[PDB]
>>> print(open('work-v9.txt').read())   # compact mmCIF, C-alpha atoms and all ligand atoms
# COMPACT_ATOMS: atom_id res chain seq x y z
CA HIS S 4 21.25 1.13 -2.97
CA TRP S 5 19.17 -0.95 -0.49
CA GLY S 6 20.46 -4.30 0.74
CA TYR S 7 20.71 -6.47 3.87
CA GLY S 8 23.86 -4.90 5.46
CA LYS S 9 24.33 -2.69 8.55
CA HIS S 10 24.15 0.56 6.49
CA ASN S 11 21.47 -0.35 3.90
CA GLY S 12 19.44 -3.21 5.44
CA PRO S 13 15.82 -3.58 6.59
CA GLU S 14 16.01 -0.91 9.36
CA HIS S 15 17.00 1.68 6.69
CA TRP S 16 14.40 0.79 4.01
CA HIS S 17 11.67 3.17 5.38
CA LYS S 18 13.76 6.21 4.27
CA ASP S 19 13.36 5.41 0.53
CA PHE S 20 10.11 3.35 1.00
CA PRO S 21 8.04 4.88 3.82
CA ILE S 22 5.40 2.10 3.43
CA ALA S 23 8.01 -0.01 5.34
CA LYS S 24 6.18 1.26 8.50
CA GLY S 25 2.72 0.62 6.97
CA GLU S 26 -0.35 -1.27 8.23
CA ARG S 27 0.12 -4.56 6.27
CA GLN S 28 3.87 -5.26 6.04
CA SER S 29 5.45 -8.72 5.60
CA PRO S 30 6.81 -11.00 6.80
CA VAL S 31 5.17 -11.66 10.21
CA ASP S 32 5.46 -14.19 12.99
CA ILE S 33 2.70 -16.79 12.69
CA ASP S 34 1.40 -17.45 16.22
CA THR S 35 -0.04 -20.96 15.61
CA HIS S 36 -2.26 -20.82 18.73
CA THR S 37 -3.82 -17.40 17.71
CA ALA S 38 -4.33 -18.24 13.99
CA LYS S 39 -8.08 -18.88 13.51
CA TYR S 40 -9.09 -22.10 11.67
CA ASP S 41 -11.41 -20.81 8.90
CA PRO S 42 -13.66 -23.66 7.62
CA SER S 43 -14.78 -21.25 4.79
CA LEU S 44 -11.21 -21.33 3.27
CA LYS S 45 -10.97 -23.48 0.09
CA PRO S 46 -8.20 -25.96 -0.71
CA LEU S 47 -5.44 -24.23 -2.66
CA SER S 48 -5.44 -25.06 -6.42
CA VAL S 49 -1.81 -25.25 -7.68
CA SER S 50 -1.86 -25.92 -11.50
CA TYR S 51 1.83 -26.09 -12.58
CA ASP S 52 1.65 -28.94 -15.23
CA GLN S 53 2.13 -26.50 -18.22
CA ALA S 54 4.73 -24.27 -16.48
CA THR S 55 7.38 -22.83 -18.86
CA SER S 56 10.56 -21.76 -17.01
CA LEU S 57 12.74 -19.32 -18.99
CA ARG S 58 15.80 -18.00 -17.12
CA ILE S 59 17.65 -18.12 -13.79
CA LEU S 60 19.02 -14.72 -12.61
CA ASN S 61 21.10 -13.32 -9.72
CA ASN S 62 19.30 -10.01 -9.08
CA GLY S 63 21.76 -8.86 -6.31
CA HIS S 64 19.28 -9.72 -3.48
CA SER S 65 18.34 -13.37 -4.33
CA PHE S 66 18.35 -15.69 -7.31
CA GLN S 67 15.12 -16.14 -9.24
CA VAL S 68 13.69 -18.54 -11.82
CA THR S 69 11.39 -16.67 -14.23
CA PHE S 70 8.43 -18.22 -16.08
CA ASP S 71 6.42 -17.37 -19.20
CA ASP S 72 3.40 -15.51 -17.69
CA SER S 73 1.99 -14.44 -21.13
CA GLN S 74 -0.80 -17.10 -20.76
CA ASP S 75 -2.52 -19.14 -17.97
CA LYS S 76 0.10 -22.02 -17.92
CA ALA S 77 1.17 -22.14 -14.23
CA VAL S 78 -1.62 -20.70 -12.05
CA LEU S 79 -2.71 -20.46 -8.42
CA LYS S 80 -6.46 -20.35 -7.64
CA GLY S 81 -8.80 -21.17 -4.74
CA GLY S 82 -7.64 -20.99 -1.13
CA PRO S 83 -8.31 -17.38 0.00
CA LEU S 84 -8.08 -16.10 -3.62
CA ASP S 85 -10.72 -14.67 -5.96
CA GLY S 86 -9.78 -15.40 -9.60
CA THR S 87 -6.62 -16.63 -11.32
CA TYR S 88 -2.99 -15.78 -10.45
CA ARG S 89 -0.17 -16.47 -12.96
CA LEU S 90 3.27 -17.67 -11.75
CA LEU S 91 5.93 -15.06 -12.69
CA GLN S 92 8.98 -16.28 -10.73
CA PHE S 93 10.25 -18.02 -7.65
CA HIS S 94 13.19 -17.07 -5.44
CA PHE S 95 14.59 -17.83 -1.99
CA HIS S 96 15.68 -16.16 1.23
CA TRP S 97 18.30 -17.91 3.35
CA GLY S 98 20.77 -17.57 6.20
CA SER S 99 24.50 -17.70 6.95
CA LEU S 100 23.71 -20.72 9.21
CA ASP S 101 20.74 -23.11 9.40
CA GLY S 102 19.10 -21.35 12.42
CA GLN S 103 18.04 -18.31 10.37
CA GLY S 104 17.03 -17.49 6.81
CA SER S 105 13.24 -17.61 6.70
CA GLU S 106 11.23 -14.38 6.58
CA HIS S 107 8.03 -15.74 8.14
CA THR S 108 8.51 -17.39 11.52
CA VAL S 109 6.26 -19.95 13.25
CA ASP S 110 5.92 -19.39 17.02
CA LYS S 111 9.22 -17.40 16.61
CA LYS S 112 10.94 -20.41 14.98
CA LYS S 113 13.18 -19.43 12.04
CA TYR S 114 13.75 -21.95 9.23
CA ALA S 115 17.01 -22.23 7.23
CA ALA S 116 15.36 -20.71 4.15
CA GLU S 117 12.05 -19.69 2.56
CA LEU S 118 10.88 -20.25 -1.03
CA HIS S 119 8.55 -17.63 -2.55
CA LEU S 120 6.48 -18.49 -5.64
CA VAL S 121 5.21 -15.12 -6.86
CA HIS S 122 1.90 -14.95 -8.77
CA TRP S 123 -0.15 -11.99 -10.07
CA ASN S 124 -3.89 -11.52 -10.56
CA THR S 125 -4.80 -11.76 -14.27
CA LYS S 126 -7.69 -9.28 -13.77
CA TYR S 127 -4.97 -6.51 -13.70
CA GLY S 128 -3.35 -7.73 -16.96
CA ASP S 129 0.34 -7.24 -15.99
CA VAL S 130 2.37 -7.53 -12.80
CA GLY S 131 3.28 -3.79 -12.79
CA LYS S 132 -0.45 -2.93 -12.52
CA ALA S 133 -1.03 -5.80 -10.06
CA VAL S 134 1.58 -4.47 -7.54
CA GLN S 135 -0.56 -1.26 -7.29
CA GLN S 136 -3.62 -3.26 -6.05
CA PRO S 137 -4.32 -4.66 -2.56
CA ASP S 138 -5.25 -8.08 -4.13
CA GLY S 139 -2.70 -7.90 -6.99
CA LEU S 140 -0.22 -10.65 -5.97
CA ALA S 141 -0.38 -14.04 -4.26
CA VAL S 142 2.90 -15.35 -2.84
CA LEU S 143 3.10 -19.02 -1.91
CA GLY S 144 5.69 -19.31 0.88
CA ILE S 145 7.38 -22.64 1.67
CA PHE S 146 9.83 -23.19 4.54
CA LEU S 147 13.10 -25.12 4.04
CA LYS S 148 14.70 -27.15 6.83
CA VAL S 149 18.04 -28.95 6.52
CA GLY S 150 18.05 -32.75 6.48
CA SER S 151 17.43 -35.02 3.46
CA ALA S 152 18.09 -33.64 -0.08
CA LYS S 153 15.16 -32.31 -2.17
CA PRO S 154 15.71 -34.03 -5.56
CA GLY S 155 13.54 -31.42 -7.37
CA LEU S 156 15.88 -28.60 -6.15
CA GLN S 157 19.10 -30.17 -7.51
CA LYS S 158 18.72 -28.79 -11.12
CA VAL S 159 18.61 -25.29 -9.53
CA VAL S 160 21.62 -25.86 -7.19
CA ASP S 161 23.75 -27.21 -10.06
CA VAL S 162 23.55 -24.00 -12.17
CA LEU S 163 24.21 -21.48 -9.31
CA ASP S 164 28.01 -21.51 -10.09
CA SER S 165 27.04 -19.87 -13.47
CA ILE S 166 25.16 -16.89 -11.85
CA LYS S 167 27.53 -16.21 -8.94
CA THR S 168 27.42 -12.37 -9.11
CA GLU S 169 24.75 -9.69 -9.50
CA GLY S 170 23.41 -9.37 -13.06
CA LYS S 171 24.37 -12.88 -14.27
CA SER S 172 21.63 -15.04 -15.86
CA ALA S 173 21.44 -18.43 -17.64
CA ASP S 174 18.96 -20.46 -19.71
CA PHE S 175 16.75 -22.42 -17.31
CA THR S 176 14.13 -24.16 -19.43
CA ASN S 177 12.05 -27.24 -18.60
CA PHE S 178 12.25 -26.77 -14.81
CA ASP S 179 9.18 -28.26 -13.05
CA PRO S 180 8.31 -26.27 -9.87
CA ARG S 181 6.03 -29.15 -8.69
CA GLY S 182 9.30 -30.75 -7.48
CA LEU S 183 9.63 -27.99 -4.80
CA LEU S 184 6.23 -28.58 -3.08
CA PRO S 185 5.64 -30.46 0.20
CA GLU S 186 2.99 -33.22 0.50
CA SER S 187 0.40 -31.07 2.33
CA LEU S 188 -1.12 -27.80 1.03
CA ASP S 189 -2.36 -26.89 4.56
CA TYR S 190 -1.66 -23.15 4.87
CA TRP S 191 -1.90 -19.91 6.82
CA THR S 192 -3.04 -16.75 5.03
CA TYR S 193 -3.02 -13.03 5.77
CA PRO S 194 -2.92 -9.74 3.82
CA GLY S 195 0.61 -8.33 3.51
CA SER S 196 3.34 -6.90 1.33
CA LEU S 197 6.39 -7.58 -0.76
CA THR S 198 9.25 -8.30 1.66
CA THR S 199 11.81 -6.30 -0.38
CA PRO S 200 11.66 -2.71 -1.66
CA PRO S 201 9.33 -1.35 -2.83
CA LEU S 202 7.44 -3.19 0.01
CA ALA S 203 4.13 -2.68 -1.87
CA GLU S 204 1.04 -3.73 0.14
CA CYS S 205 -0.32 -5.88 -2.69
CA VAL S 206 0.15 -9.49 -1.48
CA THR S 207 -2.21 -12.22 -0.27
CA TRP S 208 0.27 -14.42 1.62
CA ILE S 209 -0.25 -18.20 1.54
CA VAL S 210 2.35 -19.85 3.82
CA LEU S 211 2.43 -23.68 3.82
CA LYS S 212 2.58 -25.36 7.24
CA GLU S 213 4.75 -28.28 5.99
CA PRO S 214 8.41 -27.43 5.27
CA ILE S 215 10.45 -29.13 2.57
CA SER S 216 13.76 -30.76 3.55
CA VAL S 217 16.94 -29.79 1.62
CA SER S 218 20.44 -31.14 2.24
CA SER S 219 23.33 -29.20 3.81
CA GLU S 220 25.11 -29.50 0.41
CA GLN S 221 22.12 -27.83 -1.36
CA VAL S 222 21.89 -24.84 1.04
CA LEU S 223 25.76 -24.53 1.03
CA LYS S 224 25.45 -23.78 -2.75
CA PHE S 225 22.98 -20.92 -2.02
CA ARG S 226 25.55 -19.46 0.38
CA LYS S 227 28.33 -19.37 -2.31
CA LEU S 228 26.32 -16.76 -4.31
CA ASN S 229 27.50 -13.16 -4.09
CA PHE S 230 25.55 -9.96 -3.47
CA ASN S 231 28.32 -8.07 -5.37
CA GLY S 232 28.90 -7.80 -9.10
CA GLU S 233 31.89 -9.39 -10.78
CA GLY S 234 35.15 -7.60 -9.95
CA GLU S 235 33.69 -5.97 -6.76
CA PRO S 236 34.70 -6.98 -3.20
CA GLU S 237 33.18 -10.43 -2.51
CA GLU S 238 30.22 -10.30 -0.07
CA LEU S 239 28.50 -13.69 0.27
CA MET S 240 24.73 -13.60 -0.52
CA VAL S 241 23.58 -14.78 2.94
CA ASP S 242 21.00 -13.42 5.40
CA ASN S 243 18.88 -11.91 2.60
CA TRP S 244 15.74 -12.02 4.82
CA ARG S 245 13.59 -9.24 6.29
CA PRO S 246 12.67 -9.90 9.93
CA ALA S 247 9.08 -10.21 11.17
CA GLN S 248 7.08 -6.93 11.10
CA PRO S 249 4.21 -5.81 13.37
CA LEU S 250 0.94 -7.69 12.73
CA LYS S 251 -1.09 -4.52 13.59
CA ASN S 252 -4.84 -4.91 12.74
CA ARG S 253 -4.56 -8.28 10.95
CA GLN S 254 -5.87 -11.83 11.41
CA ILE S 255 -3.87 -14.88 10.30
CA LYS S 256 -6.29 -17.62 9.17
CA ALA S 257 -5.50 -21.35 9.05
CA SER S 258 -6.91 -23.68 6.33
CA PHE S 259 -6.63 -26.62 8.81
CA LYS S 260 -7.76 -27.63 12.37
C1 LIG M 1 8.00 -7.68 -11.27
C2 LIG M 1 7.15 -7.01 -10.16
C3 LIG M 1 6.72 -5.52 -10.39
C4 LIG M 1 7.47 -4.73 -9.47
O1 LIG M 1 7.26 -3.52 -9.26
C5 LIG M 1 8.55 -5.51 -8.89
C6 LIG M 1 9.76 -5.42 -9.86
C7 LIG M 1 8.99 -5.17 -7.52
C8 LIG M 1 10.01 -6.17 -6.99
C9 LIG M 1 9.40 -7.64 -6.98
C10 LIG M 1 8.78 -8.01 -8.37
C11 LIG M 1 7.98 -9.31 -8.25
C12 LIG M 1 8.93 -10.48 -7.85
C13 LIG M 1 9.65 -10.19 -6.50
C14 LIG M 1 8.68 -10.27 -5.29
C15 LIG M 1 9.45 -9.98 -4.01
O2 LIG M 1 8.51 -9.99 -2.89
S1 LIG M 1 8.47 -11.24 -1.96
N1 LIG M 1 9.94 -11.41 -1.31
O3 LIG M 1 7.50 -10.79 -0.99
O4 LIG M 1 8.07 -12.42 -2.80
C16 LIG M 1 10.08 -8.62 -4.05
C17 LIG M 1 11.09 -8.52 -5.23
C18 LIG M 1 10.40 -8.80 -6.57
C19 LIG M 1 11.60 -8.88 -7.57
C20 LIG M 1 7.85 -6.89 -8.81
ZN ZN M 2 10.70 -13.24 -1.30
>>> encode(input="work-v9.txt", output="structure tokens", more="lines below")
Ligand SMILES: C[C@@H]1CC(=O)[C@@]2(C)CC[C@H]3[C@@H](CC[C@@H]4C[C@H](OS(N)(=O)=O)CC[C@@]43C)[C@H]12
Ligand SMILES: [Zn+2]
Amino acid sequence: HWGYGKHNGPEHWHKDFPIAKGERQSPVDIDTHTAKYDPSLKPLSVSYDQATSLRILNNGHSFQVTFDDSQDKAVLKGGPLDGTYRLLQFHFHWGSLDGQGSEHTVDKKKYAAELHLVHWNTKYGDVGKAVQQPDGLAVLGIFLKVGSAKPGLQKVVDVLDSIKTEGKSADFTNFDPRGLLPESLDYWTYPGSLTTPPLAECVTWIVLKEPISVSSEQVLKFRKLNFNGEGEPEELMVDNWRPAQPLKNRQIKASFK
């Protein structure tokens, strides 16, 4: 029922998901001058060498690459985190044009897209239990700007024609998510939420300062996806981003000076 349109988009979500007006909603604007450098923050540990990708799926609100999270193979540790977080999936949010698409903003700047690598805390045993906990999930957010191609994204772009409509999936084995990371792991962190329904307040956000560059041809392929199922009136999957929500009583911390 929910979506990104005039009649079912972000301003409607609170009716089915009243936590939409809660105290730790995401995304937020990152005011770079107000974010406090925290020398106590650890470097982020991204251990993706044994990652096992399984499938690529159009879920009607994004496309996602799902991983085997039945063991500690692709894990996030350190940074602001206590314990070990398993990679479940990554997905993107993007715009109809390059001047919008990101969920987080930086001094009100919107990027063309935002990559979310979703991880869950192994102390809760499964992701369904983890989404009920304030420290259940860690989402690594990476901004995309348009310029030079990202070679590590091309394997993803080239299969999107096979998952055009809601509910379509394909084999997507042997994909290495290290190819989607920028040079620097400098980050901002704050306590927040899932950015789609059910908007659960279960996420430690880790947003990288350094964007990755993708080509116009790569983001054009995102924009050919469809929100609709096959047969249904064609509605391009564009502008699948929630705007910035009130920061309320929260501090954004920077890992860097
Ligand atoms: C599988 C877990 C358990 C659960 O209840 C689910 C299904 C809610 C929806 C979640 C999913 C985890 C992966 C995604 C995270 C995304 O949030 S974001 N955009 O902040 O990264 C919201 C959409 C998403 C599919 C959750
Ligand atoms: Zn997301």
>>> atom_distance(input="work-v9.txt", atom1="CA of residue 223 in chain S", atom2="CA of residue 239 in chain S")
11.2 Å
>>> atom_distance(input="work-v9.txt", atom1="CA of residue 55 in chain S", atom2="CA of residue 77 in chain S")
7.8 Å
>>> closest_residue(input="work-v9.txt", among="S:7, S:95, S:208, S:191", to="ligand ZN 2 (chain M)", atoms="all atoms listed in the file")
S:95
>>> closest_atom_pairs(input="work-v9.txt", of="chain S", to="ligand LIG 1 (chain M)", cutoff="7 Å", atoms="all atoms listed in the file", output="JSON lines")
{"residue": "S:92", "atom": "CA", "partner": "M:LIG1", "partner_atom": "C12", "distance": 6.5}
{"residue": "S:119", "atom": "CA", "partner": "M:LIG1", "partner_atom": "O4", "distance": 5.2}
{"residue": "S:120", "atom": "CA", "partner": "M:LIG1", "partner_atom": "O4", "distance": 6.9}
{"residue": "S:121", "atom": "CA", "partner": "M:LIG1", "partner_atom": "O4", "distance": 5.7}
{"residue": "S:130", "atom": "CA", "partner": "M:LIG1", "partner_atom": "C3", "distance": 5.4}
{"residue": "S:131", "atom": "CA", "partner": "M:LIG1", "partner_atom": "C3", "distance": 4.5}
{"residue": "S:134", "atom": "CA", "partner": "M:LIG1", "partner_atom": "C3", "distance": 6.0}
{"residue": "S:142", "atom": "CA", "partner": "M:LIG1", "partner_atom": "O4", "distance": 5.9}
{"residue": "S:196", "atom": "CA", "partner": "M:LIG1", "partner_atom": "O3", "distance": 6.1}
{"residue": "S:197", "atom": "CA", "partner": "M:LIG1", "partner_atom": "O3", "distance": 3.4}
{"residue": "S:198", "atom": "CA", "partner": "M:LIG1", "partner_atom": "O3", "distance": 4.0}
{"residue": "S:199", "atom": "CA", "partner": "M:LIG1", "partner_atom": "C16", "distance": 4.7}
{"residue": "S:200", "atom": "CA", "partner": "M:LIG1", "partner_atom": "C8", "distance": 6.6}
{"residue": "S:201", "atom": "CA", "partner": "M:LIG1", "partner_atom": "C7", "distance": 6.1}
>>> residues_around(input="work-v9.txt", residues="range 98-110 of chain S", least_positions_apart="2", cutoff="7 Å", atoms="all atoms listed in the file", output="PyMOL selection string")
chain S and resi 30-35+96+112-117+146+226+241-247
>>> closest_residue(input="work-v9.txt", among="S:12, S:232, S:155, S:46", to="residue 82 in chain S", atoms="all atoms listed in the file")
S:46
>>> axis_aligned_box(input="work-v9.txt", around="range 80-86 of chain S", padding_each_side="3 Å", output="JSON")
{"center_x": -8.6, "center_y": -17.9, "center_z": -4.8, "size_x": 10.3, "size_y": 12.5, "size_z": 15.6}
>>> atom_distance(input="work-v9.txt", atom1="CA of residue 89 in chain S", atom2="CA of residue 64 in chain S")
22.7 Å
>>> closest_residue(input="work-v9.txt", among="S:179, S:164, S:85, S:19", to="residue 51 in chain S", atoms="only C-alpha atoms")
S:179
>>> residues_around(input="work-v9.txt", residues="range 159-162 of chain S", least_positions_apart="4", cutoff="8 Å", atoms="only C-alpha atoms", output="list in words")
residues 166, 221, 224 and 225 of chain S
>>> closest_residue(input="work-v9.txt", among="S:57, S:118, S:38, S:203", to="ligand ZN 2 (chain M)", atoms="all atoms listed in the file")
S:118
>>> closest_residue(input="work-v9.txt", among="S:29, S:181, S:259, S:9", to="ligand ZN 2 (chain M)", atoms="all atoms listed in the file")
S:29
>>> residues_around(input="work-v9.txt", residues="residue 188 in chain S", least_positions_apart="6", cutoff="9 Å", atoms="all atoms listed in the file", output="compact mmCIF listing (two decimals) with C-alpha atoms, in the coordinates of the input")
# COMPACT_ATOMS: atom_id res chain seq x y z
CA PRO S 46 -8.20 -25.96 -0.71
CA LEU S 47 -5.44 -24.23 -2.66
CA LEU S 211 2.43 -23.68 3.82
CA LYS S 212 2.58 -25.36 7.24
CA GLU S 213 4.75 -28.28 5.99
CA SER S 258 -6.91 -23.68 6.33
>>> closest_residue(input="work-v9.txt", among="S:11, S:50, S:135, S:67", to="ligand ZN 2 (chain M)", atoms="all atoms listed in the file")
S:67
>>> residues_near_point(input="work-v9.txt", point="(20.0, -28.6, 0.9)", cutoff="8 Å", atoms="all atoms listed in the file", output="MDAnalysis selection string")
chainID S and resid 149:153 216:223
>>> residues_around(input="work-v9.txt", residues="residue 79 in chain S", least_positions_apart="4", cutoff="6 Å", atoms="only C-alpha atoms", output="PyMOL selection string")
chain S and resi 48-49+88
>>> residues_around(input="work-v9.txt", residues="residue 175 in chain S", least_positions_apart="6", cutoff="8 Å", atoms="all atoms listed in the file", output="ChimeraX atom specification")
/S:56-59,68
>>> residues_near_point(input="work-v9.txt", point="(0.3, -3.6, -2.5)", cutoff="10 Å", atoms="all atoms listed in the file", output="PyMOL selection string")
chain S and resi 22+27-28+133-140+194-197+201-207
>>> decode(input="work-v9.txt", residues="range 13-33 of chain S", atoms="N, CA, C and O atoms", output="PDB file, in the first residue's frame")
ATOM      1  N   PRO S  13       5.850   9.391   1.739  1.00  0.00           N
ATOM      2  CA  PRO S  13       6.340   9.660   3.087  1.00  0.00           C
ATOM      3  C   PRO S  13       5.427  10.458   4.017  1.00  0.00           C
ATOM      4  O   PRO S  13       5.388  10.141   5.201  1.00  0.00           O
ATOM      5  N   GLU S  14       4.681  11.430   3.504  1.00  0.00           N
ATOM      6  CA  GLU S  14       3.804  12.249   4.375  1.00  0.00           C
ATOM      7  C   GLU S  14       2.567  11.462   4.816  1.00  0.00           C
ATOM      8  O   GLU S  14       1.850  11.953   5.730  1.00  0.00           O
ATOM      9  N   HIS S  15       2.301  10.316   4.199  1.00  0.00           N
ATOM     10  CA  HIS S  15       1.167   9.440   4.582  1.00  0.00           C
ATOM     11  C   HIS S  15       1.574   8.323   5.537  1.00  0.00           C
ATOM     12  O   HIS S  15       0.687   7.712   6.123  1.00  0.00           O
ATOM     13  N   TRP S  16       2.859   7.991   5.619  1.00  0.00           N
ATOM     14  CA  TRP S  16       3.310   6.740   6.266  1.00  0.00           C
ATOM     15  C   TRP S  16       2.881   6.690   7.735  1.00  0.00           C
ATOM     16  O   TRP S  16       2.642   5.588   8.232  1.00  0.00           O
ATOM     17  N   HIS S  17       2.814   7.832   8.427  1.00  0.00           N
ATOM     18  CA  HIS S  17       2.496   7.855   9.879  1.00  0.00           C
ATOM     19  C   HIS S  17       1.130   7.207  10.160  1.00  0.00           C
ATOM     20  O   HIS S  17       0.902   6.738  11.291  1.00  0.00           O
ATOM     21  N   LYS S  18       0.217   7.188   9.192  1.00  0.00           N
ATOM     22  CA  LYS S  18      -1.128   6.617   9.442  1.00  0.00           C
ATOM     23  C   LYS S  18      -1.018   5.113   9.713  1.00  0.00           C
ATOM     24  O   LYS S  18      -1.653   4.629  10.652  1.00  0.00           O
ATOM     25  N   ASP S  19      -0.248   4.378   8.934  1.00  0.00           N
ATOM     26  CA  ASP S  19      -0.077   2.927   9.183  1.00  0.00           C
ATOM     27  C   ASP S  19       1.068   2.684  10.176  1.00  0.00           C
ATOM     28  O   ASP S  19       1.086   1.590  10.773  1.00  0.00           O
ATOM     29  N   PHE S  20       2.025   3.608  10.285  1.00  0.00           N
ATOM     30  CA  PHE S  20       3.276   3.424  11.057  1.00  0.00           C
ATOM     31  C   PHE S  20       3.505   4.664  11.906  1.00  0.00           C
ATOM     32  O   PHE S  20       4.283   5.543  11.529  1.00  0.00           O
ATOM     33  N   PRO S  21       2.767   4.825  13.024  1.00  0.00           N
ATOM     34  CA  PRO S  21       2.825   6.063  13.786  1.00  0.00           C
ATOM     35  C   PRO S  21       4.212   6.444  14.310  1.00  0.00           C
ATOM     36  O   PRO S  21       4.421   7.603  14.596  1.00  0.00           O
ATOM     37  N   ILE S  22       5.129   5.484  14.355  1.00  0.00           N
ATOM     38  CA  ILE S  22       6.542   5.766  14.730  1.00  0.00           C
ATOM     39  C   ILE S  22       7.193   6.701  13.708  1.00  0.00           C
ATOM     40  O   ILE S  22       8.260   7.245  14.004  1.00  0.00           O
ATOM     41  N   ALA S  23       6.561   6.938  12.568  1.00  0.00           N
ATOM     42  CA  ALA S  23       7.051   7.901  11.555  1.00  0.00           C
ATOM     43  C   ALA S  23       7.276   9.273  12.178  1.00  0.00           C
ATOM     44  O   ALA S  23       8.085  10.010  11.614  1.00  0.00           O
ATOM     45  N   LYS S  24       6.526   9.623  13.231  1.00  0.00           N
ATOM     46  CA  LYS S  24       6.685  10.903  13.966  1.00  0.00           C
ATOM     47  C   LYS S  24       7.446  10.705  15.277  1.00  0.00           C
ATOM     48  O   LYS S  24       7.359  11.583  16.168  1.00  0.00           O
ATOM     49  N   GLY S  25       8.263   9.659  15.360  1.00  0.00           N
ATOM     50  CA  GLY S  25       8.984   9.307  16.593  1.00  0.00           C
ATOM     51  C   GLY S  25      10.220  10.162  16.843  1.00  0.00           C
ATOM     52  O   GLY S  25      10.476  11.146  16.139  1.00  0.00           O
ATOM     53  N   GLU S  26      10.949   9.789  17.885  1.00  0.00           N
ATOM     54  CA  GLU S  26      12.067  10.578  18.446  1.00  0.00           C
ATOM     55  C   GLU S  26      13.396  10.241  17.766  1.00  0.00           C
ATOM     56  O   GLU S  26      14.359  10.960  18.008  1.00  0.00           O
ATOM     57  N   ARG S  27      13.478   9.209  16.937  1.00  0.00           N
ATOM     58  CA  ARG S  27      14.795   8.862  16.328  1.00  0.00           C
ATOM     59  C   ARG S  27      14.565   8.357  14.899  1.00  0.00           C
ATOM     60  O   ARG S  27      15.013   7.257  14.530  1.00  0.00           O
ATOM     61  N   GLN S  28      13.884   9.174  14.102  1.00  0.00           N
ATOM     62  CA  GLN S  28      13.603   8.809  12.699  1.00  0.00           C
ATOM     63  C   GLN S  28      14.761   9.200  11.773  1.00  0.00           C
ATOM     64  O   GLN S  28      15.490  10.151  12.026  1.00  0.00           O
ATOM     65  N   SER S  29      14.867   8.472  10.675  1.00  0.00           N
ATOM     66  CA  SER S  29      15.890   8.655   9.627  1.00  0.00           C
ATOM     67  C   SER S  29      15.191   8.817   8.290  1.00  0.00           C
ATOM     68  O   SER S  29      14.078   8.312   8.079  1.00  0.00           O
ATOM     69  N   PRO S  30      15.839   9.456   7.299  1.00  0.00           N
ATOM     70  CA  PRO S  30      17.172  10.052   7.419  1.00  0.00           C
ATOM     71  C   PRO S  30      17.103  11.428   8.085  1.00  0.00           C
ATOM     72  O   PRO S  30      16.045  11.872   8.487  1.00  0.00           O
ATOM     73  N   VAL S  31      18.251  12.075   8.186  1.00  0.00           N
ATOM     74  CA  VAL S  31      18.404  13.437   8.752  1.00  0.00           C
ATOM     75  C   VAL S  31      19.354  14.210   7.851  1.00  0.00           C
ATOM     76  O   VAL S  31      20.138  13.615   7.088  1.00  0.00           O
ATOM     77  N   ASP S  32      19.285  15.520   7.980  1.00  0.00           N
ATOM     78  CA  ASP S  32      20.357  16.390   7.455  1.00  0.00           C
ATOM     79  C   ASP S  32      21.539  16.342   8.412  1.00  0.00           C
ATOM     80  O   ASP S  32      21.377  16.460   9.626  1.00  0.00           O
ATOM     81  N   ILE S  33      22.715  16.183   7.834  1.00  0.00           N
ATOM     82  CA  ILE S  33      23.978  16.165   8.598  1.00  0.00           C
ATOM     83  C   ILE S  33      24.557  17.568   8.484  1.00  0.00           C
ATOM     84  O   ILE S  33      25.043  17.950   7.397  1.00  0.00           O
TER      85      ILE S  33
END
